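# Survey of secondary and tertiary structure
As a plain string of letters, each chain reads:
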Amino acid sequence: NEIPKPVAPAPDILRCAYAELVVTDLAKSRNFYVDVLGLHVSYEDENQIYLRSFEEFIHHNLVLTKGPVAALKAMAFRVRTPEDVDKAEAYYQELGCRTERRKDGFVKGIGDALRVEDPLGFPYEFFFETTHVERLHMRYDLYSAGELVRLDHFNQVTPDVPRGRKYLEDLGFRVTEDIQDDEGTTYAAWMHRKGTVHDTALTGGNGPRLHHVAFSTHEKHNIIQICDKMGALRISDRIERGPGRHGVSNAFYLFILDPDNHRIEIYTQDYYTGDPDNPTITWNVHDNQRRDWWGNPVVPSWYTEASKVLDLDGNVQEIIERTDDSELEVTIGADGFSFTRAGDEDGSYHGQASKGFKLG
Amino acid sequence: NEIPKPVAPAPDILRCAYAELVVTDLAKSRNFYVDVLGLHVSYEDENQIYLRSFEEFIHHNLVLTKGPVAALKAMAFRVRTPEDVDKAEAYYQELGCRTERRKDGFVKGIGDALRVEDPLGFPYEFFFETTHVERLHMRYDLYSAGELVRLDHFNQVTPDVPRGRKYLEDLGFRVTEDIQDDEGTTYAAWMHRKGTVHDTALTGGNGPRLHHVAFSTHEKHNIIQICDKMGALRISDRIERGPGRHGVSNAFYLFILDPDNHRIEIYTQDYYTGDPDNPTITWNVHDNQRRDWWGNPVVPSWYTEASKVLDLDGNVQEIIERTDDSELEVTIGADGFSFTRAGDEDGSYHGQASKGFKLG
Amino acid sequence: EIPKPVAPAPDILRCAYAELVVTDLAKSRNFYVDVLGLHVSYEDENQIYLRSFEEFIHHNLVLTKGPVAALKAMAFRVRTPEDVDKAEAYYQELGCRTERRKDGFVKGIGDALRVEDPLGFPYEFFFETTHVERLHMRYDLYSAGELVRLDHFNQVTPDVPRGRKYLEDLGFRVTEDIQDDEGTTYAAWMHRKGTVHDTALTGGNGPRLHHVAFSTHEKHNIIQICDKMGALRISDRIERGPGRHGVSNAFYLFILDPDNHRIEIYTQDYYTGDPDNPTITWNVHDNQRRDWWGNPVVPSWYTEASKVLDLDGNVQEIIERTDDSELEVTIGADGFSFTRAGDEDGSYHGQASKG
Amino acid sequence: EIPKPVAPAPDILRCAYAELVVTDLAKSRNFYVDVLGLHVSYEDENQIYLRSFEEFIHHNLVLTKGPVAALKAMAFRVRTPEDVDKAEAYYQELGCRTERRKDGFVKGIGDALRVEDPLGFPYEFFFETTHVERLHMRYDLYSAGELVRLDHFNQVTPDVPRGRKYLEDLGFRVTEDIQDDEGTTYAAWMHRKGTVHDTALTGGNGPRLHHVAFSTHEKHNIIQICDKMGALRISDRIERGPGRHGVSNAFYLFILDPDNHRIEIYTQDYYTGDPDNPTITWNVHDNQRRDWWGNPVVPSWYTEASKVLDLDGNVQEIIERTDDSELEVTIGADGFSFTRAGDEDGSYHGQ
Ligand SMILES: O=[N+]([O-])c1ccc(O)c(O)c1
Ligand SMILES: [Ca+2]
Ligand SMILES: [Cl-]
Ligand SMILES: [Cl-]
Ligand SMILES: [Cl-]
Ligand SMILES: [Fe+2]
Ligand SMILES: [Fe+2]
Ligand SMILES: [Fe+2]
Ligand SMILES: [Fe+2]
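Residues numbered from 1 in each chain as written, not as in the entry; some residues may be left out. Chains lettered and ligands numbered in written order. Heavy atoms only, no water.

The PDB entry lists chain D under the name Homoprotocatechuate 2,3-dioxygenase, with Brevibacterium fuscum given as the organism.

Naming follows the PDB entry, where chain C appears as Homoprotocatechuate 2,3-dioxygenase of Brevibacterium fuscum.

### Overview of the coordination of the iron ion (ligand 8)
All names here are of chain C. Those protein atoms acting as donors to the iron ion (ligand 8) are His152 (NE2), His211 (NE2) and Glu264 (OE), and they sit at 2.0 to 2.2 Å. Donor residues for the iron ion (ligand 8), ordered by position in the chain, follow H-x58-H-x52-E. Here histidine 152 is found in strand 9 (residues 149–157), whereas its partner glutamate 264 is found in strand 16 (residues 262–267), with 112 residues between them in sequence. Of the two residues, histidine 152 and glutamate 264, both sit in the buried class. (Donors = N, O, S within 2.8 Å, 3.2 Å for Na, K, Ca; no water. Helix = DSSP H or I, 4+ residues; strand = E, 2+ residues; numbered from the N terminus. Buried < 20%, exposed > 50% of the residue type's maximum accessible area, 1.4 Å probe, protein only.)

### Some details on the sheet that holds strand 7 (residues 113–117) of chain A
Residue and element names in this part refer to chain A. One open sheet holds the eight strands; their spatial order is 2-3-4-1-5-8-7-6, and the pairing between them is mixed. Here the strands that pair on one side only, and so sit at the sheet edges, are strand 2 (40–44) and strand 6 (99–102). For this sheet the average axis-to-axis angle between neighbouring strands, irrespective of direction, equals 20°. Judged from the four bridges that link them, strand 6 and strand 7 form a sheet pairing that is antiparallel. Opposite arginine 101, over in strand 7, you have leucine 114 as the bridge partner. (Pairing = 2+ DSSP bridges. Axes fitted to C-alpha atoms, helices over the stretch in contact; angles between N-to-C directions.)

### Examining the domain arrangement of chain D
All names here are of chain D. For chain D, the assigned domains are domain 1 (10–148), domain 2 (149–287) and domain 3 (288–351). Using C-alpha coordinates to define each centre, domain 1 is positioned 28 Å away from domain 3. Contacts between the two partners involve 15 residues from domain 1 and, on the opposite side, eight residues from domain 3. When domain 1 packs against domain 3, close to 960 Å² is buried across both sides, 63% of that on carbon and sulfur atoms. The largest per-residue losses of area from domain 1 upon contact with domain 3 belong to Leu71, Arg97 and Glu116, which jointly make up 37% of the total buried on that side. Inspection of the region where domain 1 meets domain 3 yields four residue pairs in polar contact. Counting only elements with at least two residues in the side of domain 1 that touches domain 3, the list comes to strand 5 (70–78), strand 6 (98–101) and strand 7 (112–116). Among the residues forming the side of domain 1 that touches domain 3, the class breakdown is eight nonpolar, two polar and five charged. (Domains from an automatic or database assignment. Contact = heavy atoms within 4.5 Å. Buried area = accessible area lost by both parts, 1.4 Å probe. Polar contact = N/O pair within 3.5 Å; in protein donor to acceptor, adjacent residues only side chain to side chain. Nonpolar A, V, L, I, M, F, W, Y, C, P; charged D, E, K, R; others polar.)

### A look at empty space enclosed by the protein
Per the counting criterion, the structure on display carries 15 cavities of 30 Å³ or more. The computed volume of the largest cavity comes to approximately 910 Å³. Lining the largest cavity are 44 residues, with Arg150 and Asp270 of chain A together with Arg149, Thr195 and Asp269 of chain C sitting closest to its centre. Those elements that provide at least two residues to the lining of the largest cavity are strand 1 (13–23), strand 9 (150–158) and strand 16 (263–268) of chain A together with strand 9 and strand 16 of chain C. Considered class by class, the residues forming the lining of the largest cavity number 12 nonpolar, 16 polar and 16 charged. (1 Å grid on protein atoms, 1.4 Å probe; cavity = no way out; pocket = protein on both sides within 12 Å on 5 of 7 lines; lining within 4 Å. Points joined across faces, edges and corners; volume = space filled by probe spheres on them.)

### Section: the environment of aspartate 169 of chain D
Residues and elements named next belong to chain D. Relative to the helices and strands, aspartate 169 resides in helix 3 (residues 160–169). According to the relative accessible area criterion, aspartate 169 is buried, its value standing at 16%. Separated by 88 residues in sequence, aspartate 169 and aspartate 257 have C-alpha atoms that sit 33 Å apart. With residues up to four places along the chain from it excluded, the contact list for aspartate 169 reads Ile2, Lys4, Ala9 and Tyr90. At a separation of 2.5 Å, a polar atom in the side chain of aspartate 169 contacts the side chain of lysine 165.

### Comments concerning the UniProt feature "binding site: Fe(2+)" (unreviewed entry) in chain D
Residue and element names in this part refer to chain D. In the numbering used here, UniProt assigns the feature "binding site: Fe(2+)" (unreviewed entry) to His152, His211 and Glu264. The largest pairwise C-alpha distance within this set of annotated residues, which runs over 113 residues, is 9.1 Å, so the set is compact in three dimensions. Counting through the fold element by element, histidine 211 comes out in strand 13 (residues 208–215). A relative accessible area of 2% places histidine 211 in the buried class. Once you skip the residues sitting within four places of it in the chain, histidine 211 turns out to touch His152, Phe153, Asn154, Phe254, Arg262, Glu264 and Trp301. When residues no more than four places from it in sequence are discounted, the contact partners of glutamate 264 are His152, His211, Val212, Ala213, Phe214, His245, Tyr252, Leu253 and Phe254. (UniProt positions renumbered as here; feature names shortened; annotations may be inferred.)

### Considering the UniProt feature "binding site: Fe(3+)" (unreviewed entry) in chain C
Residues and elements named next belong to chain C. The UniProt record marks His152, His211 and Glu264 with the feature "binding site: Fe(3+)" (unreviewed entry), using the residue numbering of this structure. When sequence neighbours within four positions are dropped, the list of residues in contact with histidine 152 reads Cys15, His197, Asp198, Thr199, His211, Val212, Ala213, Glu264 and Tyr266. A distance of 3.0 Å separates the side chain of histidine 152 from the side chain of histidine 197, its partner in a polar contact. Position of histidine 211 among the secondary structure elements: in strand 13 (residues 208–215). Excluding its chain neighbours within four sequence positions, the residues that come into contact with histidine 211 are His152, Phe153, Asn154, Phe254, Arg262, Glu264 and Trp301. Of note is the side chain of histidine 211, whose polar atom sits 2.8 Å from the side chain of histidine 210.

### What to know about the sheet that holds strand 2 (residues 40–44) of chain B
Residues and elements named next belong to chain B. An order of 2-3-4-1-5-8-7-6 is seen for the eight strands of this open sheet, with the pairing classed as mixed. Strands at the two margins of the open sheet, each flanked by one partner only, are strand 2 and strand 6 (99–102). Across this sheet, the average inter-strand angle for adjacent strands is 20°, counted without regard to direction. Sheet strands touched by helix 2 (residues 83–94): strand 5 (71–79), strand 6, strand 7 (113–117) and strand 8 (123–127). Its angle to strand 6, the strand with the most contacts, is close to 160°.

### Side note on the interface of chain B and chain A
Contact residues are listed per partner, giving 40 residues for chain B and 40 residues for chain A. Roughly 3,300 Å² is buried in total at the junction of chain B and chain A, and carbon and sulfur atoms are behind 54% of that figure. Taken as a group, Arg234, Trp294 and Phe357 of chain B account for 24% of the area that chain B buries against chain A, more than any other trio of residues on that side. Remark: the boundary between chain B and chain A carries six salt bridges. In this structure, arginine 341 of chain B engages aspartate 237 of chain A in a salt bridge whose closest nitrogen and oxygen atoms are separated by 3.0 Å. (Salt bridge = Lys/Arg side-chain N within 4 Å of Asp/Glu carboxyl O.)

### Details of the coordination of the calcium ion (ligand 2)
Ideal geometry at a metal gives 109.5 degrees between four tetrahedral donors and either 90 or 180 degrees between six octahedral ones. The protein atoms that coordinate the calcium ion (ligand 2) are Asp182 of chain A (OD) and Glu183 of chain A (OE), at distances spanning 2.2 to 2.3 Å. Here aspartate 182 of chain A and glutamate 183 of chain A have matching classes, each one exposed.

### Structural notes on the relation of the copies chain B and chain A
Note on the copies: chain B fits chain A at an RMSD of 0.2 Å, the axial shift is 0.1 Å, and the rotation between them is 180°. What we have between these two chains is a two-fold relation. Scanning chain B for the C-alpha nearest the rotation axis identifies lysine 358 of chain B, at a separation of 2.6 Å. Interface residue correspondence from chain B to chain A reaches 100%, placing this contact among same-surface, isologous pairings. (Least-squares fit on C-alpha atoms.)

### Re the interface of chain C and chain D
Taken together, the contact between chain C and chain D spans 29 residues of the former and 31 residues of the latter. Carbon and sulfur atoms make up 48% of the area that chain C and chain D hide from each other, which totals about 2,400 Å². Taken as a group, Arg233, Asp236 and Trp293 of chain C account for 29% of the area that chain C buries against chain D, more than any other trio of residues on that side. Run the count over chain C and chain D and you get six salt bridges. Residue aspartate 286 of chain D pairs with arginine 233 of chain C through a salt bridge whose shortest N-O separation is 2.8 Å. In this assembly, chain C and chain D are joined by 22 residue pairs in polar contact. Elements that contribute at least two residues to the side of chain C that touches chain D include exactly helix 4 (219–231) and strand 14 (238–244) of chain C. Considering every element that reaches the side of chain C that touches chain D, the biggest residue donor is helix 4 of chain C, with six residues.

### Observations concerning helix 4 (residues 220–232) of chain A
All names here are of chain A. For helix 4, spanning 13 residues, the distance from its first C-alpha to its last is 19 Å, which sits close to the expected 18 Å at 1.5 Å a residue. Burial analysis of helix 4 places 13 of its 13 residues in the buried class, the great majority of the element. Two residues or fewer past helix 4, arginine 234 is found with a positive phi of approximately 50°. (Expected span 1.5 Å × (residues − 1).)

### Some details on the environment of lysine 219 of chain D
Tracing the sequence through the fold places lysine 219 of chain D in helix 4 (residues 219–231). Distance from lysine 219 of chain D to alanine 70 of chain D, taken between C-alpha atoms, is 30 Å for residues 149 residues apart in sequence. Excluding anything up to four places from it in sequence, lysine 219 of chain D contacts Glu219 of chain B, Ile223 of chain C together with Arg244, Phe251, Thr267 and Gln268 of chain D.

The structure is reproduced here in structure tokens:
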């Protein structure tokens, strides 16, 4: 059931800007995002913590909101002009989606804002107005050995990747890389507005669920330091996967888990995608260098676990099961297959993960 | 069973200096060590390749010798004076070990040298005299993104760790770190002469076998590049384990496999141990941060596979089975267990490896 | 003052390549390929086409053999084929000389417009380019000093506000500038692609080309370039740096090619893509504005820059700056700079910082 | 010349700590703790004891409040308790003033000998020291500019060959030096622990302490110290660097504390533990010998250094160097340097 291209013009989206995550214990979440990861507090009270990255000048990149059920409440994109908020509302209304408009914002430090239940069930926000804060980009007196410098992207789990992809393309996102097989299945797509590999991404699976939110560092040693610090804090069990080099995106990466199991990616040194004919890279799902370039196996939780998302009433969205083939199953499952070199039996894996492991 | 302390004085050992590895295909081995890893050729012909690291001034750190059976032929330590070669001879003769002395060396670029079949079955060489070569430490016109800068250590597999450790202490090696359990079994020990965490190390297992030879890089990004390069060359299947941060030694590391399955470790940034009361560190075998500080699982091959070693006639040394408990079995096997925090079931793993894998 | 055309500006994506005239193609090849590691897309006896590690367009740099070393063309890529028509109509309304070739001026570029712009610089605008193998994951080739992207140009021009207004009308947004308390502007940086700049204006006699800048992934890659140059015993071709910039916050290095074209190596500036991106103005006497660590700026950096050509290949006449000189006001005989505004301690009178 | 004693030399392991007199303890604390990130081992209203990230002995630096900023002692650890007795007999034979404190001079050091050595420097030798928590895996504490080890001292002394021979007799091995064709020695670097140096001699008016050096893991940690100093608007306290040294091949930075004591931050020199380690001699006119990239050495780096104290805490009188001056022969009015030997292109004359 293809999502039609509206007649109404798409809003001009600049970039991913922030996520609002509902968390169950505000103090525990603060310990993770401020004490462990070093994000900078823009505002806080007994109910919410507003955080930003080192180089950010808008009010925040992450809002932690206390609530009964941990979930993504909104993933927010900044648009180019005030008028683009109106455009977003018209566009989503033409799509038959539920929308909510608040002239003075949903969260502090954001002004006129539109939230929508998008066609894939995700809570998106579009805004232009935001309170500017001290840009900390040269505050080396504050700089952490693991400093998170920008918000980079979101990654969403959705059962039908082509359907979602076409809709995001009409919205103005361009696909930079994807993962497909030779039987017409798409397992994942990455798409951008700001000229990096992505602002959001679609990962095939039961959904809507939020896979992760990604922050960047300046250098690879910064990511190493986050791992090292987690070991010193004896929370290495909260390192889910990595560190590694991605095939898709070519970024150096790490995946960690917050106190409510919300997955955070730390990411650095992908490439420029701003030209409109940027070459789209398609990896085969059985290429064992596509997710980790070094061939390290992808732990099953990375495929199966992701966060709930909320509707505009704050209720959890029903999960719709994926019927397309599962990346987990076709790569590391019982009938799975992966290769190191296409066409070479040597360095290939049948019914198990790479590097001597099987599914727990 | 115990190896007695000789009345004869131990030779004053400076450091690990080089290994001679037998390889089956000299050209394939050359491609690995020179073209992939960037080691510097000090001499080569149809029978051997002599290689050194970027900062070395002695003739070589690695001799690849063509032969029918891939194996370690000699682990060589440089001694402080010519007279220390005589001391090595008298010492091992007193221990009842087979020795062979060549005034003009066993390999090119080494002078007066003593080889011995040591009490643990290993072929050790002791030498002072060596041909000095151009020290390439400032040849940044040659420096590669993955540059190997020193030889750091060897790691030996032997069935009875305390037996070997006592013997090495009498030779002057001082233990820096080890792995034990609460019931008094020793699994591994690291010991040094040169003021780093180790020059050699004992890993409990069937032996004698050579577990690995280790080279150092300047920085962590150099190790990352070796991984990246191996992905680009589509030989990621030869990255065995890593990259990571060690618990033991605190070094950043990587384990890769040469064309004959000889394991090479790349290592950086361990600490100073030269003071005589250098604090020893003992880790519990069930501590999942002891080998990889970030908790990443140790692939079973790392525990089970190691290179054959030769006797002085060039024949393979018979293997003696370990009877003490197996590290693999007590940690990642079906009956093993490991913990993130001592005493905490959260972040513990029972009958499987960390992060969600079981053994393949 | 340069008027704003009625005609719509072209939609400019980014700086894309420079064409440099060099006098000895072999010596230039040694510097750019052997020393700096750039990748050859094409070469013959007259020209070398080079690209950075992550590029997919044909080239980021063209070395063209010629009698007088100079900038021949600074090229920006535009969003669509129709934007090259928009560029042509725009520069015509501006009264500028233009030349358009449906098959390009250099190999690997198709339909292209070159202009002598209102400040005397040879701009090219194009969309069509021959795609080549993007080397971004070719870690088998990766150098310890690898140049990964083309980042920006920097232009010397006598009247900065005049130039700034023209580039703003063309769609560039000022991210950072350098001014004083007496109304003088000494420099401005401006962008299309969401980094600190795609081009920049440095106040001085002009038109001249100050430098062309390439990126590395990390700081250590820039350190390696310096280390390599020492090993090759060509450290005399390191002009300034390495350092941390104040303006841009990037880690940097300035080196000189065999014809004294200045190349900057640059890494890790910040995102400027939001339209209300806060502008940062530095005082010209702030000794942390160019080098954040207070290291002195050698006079050659201010005084030396490359000639630029018109569309016929002749050198552009240099027009003298009459506004105050950043050299003179900070490190000349009557210069001044401070470490902390209003503190005599750490200030410099009539001399450069650090002794 | 300084005669070799018949008494055996103490077996010196390494440079271990310096005691610096500072005039304003709180300002000094800001610098070494807040700016540089050193770790407190003990403090009171008169002294701050500080250590690096990987240290297990009590401290690498003692800041002592006093009227005149100076080096009070540069301390070397010896291998055994008996080596303190050896040091005492050795310096007594040399005719030096010595002072033995069986319970140490500063907290966390036990039996210790301080001497006014033959070059006028206050050396300490000790074995016993209170072990503290070794912070080497305390990544929860690790700074982006983390100082990981004490690496070396550098001493200004007028006659380098005289001092060199005295240090060699004590067991130090020279690794690198700077000379000219006329036979003058301008500087020498010498070690016990298997790095390029534990101490070094810079030709000049002395005794003065040129600097104390700490190590970082990587080059980016040094860059961060500079960046942090910029952010704190104290970039005027960056003296020289960052750079790559020629001698030592280390990546380096020189900064100045509140009393103008010079601190070097240093990383990635090479192994020198073999007894036949090849010695490297640079020509004083080679513009890549100090900074490999050919950046100029600011004259203050040659002319400024810290006072040193005698055992009564009074400042040691200075002896003027009579041998040729490295500043004068390279950057002075009749000085010169080269990039490539024999090439006027890339050479500097009177600048
Ligand atoms: O080359 N020099 O200027 C040097 C080399 C090493 C040092 O530790 C130093 O203080 C100076
Ligand atoms: Ca298929
Ligand atoms: Cl992935
Ligand atoms: Cl290990
Ligand atoms: Cl600048
Ligand atoms: Fe991601
Ligand atoms: Fe090892
Ligand atoms: Fe620039
Ligand atoms: Fe030094």
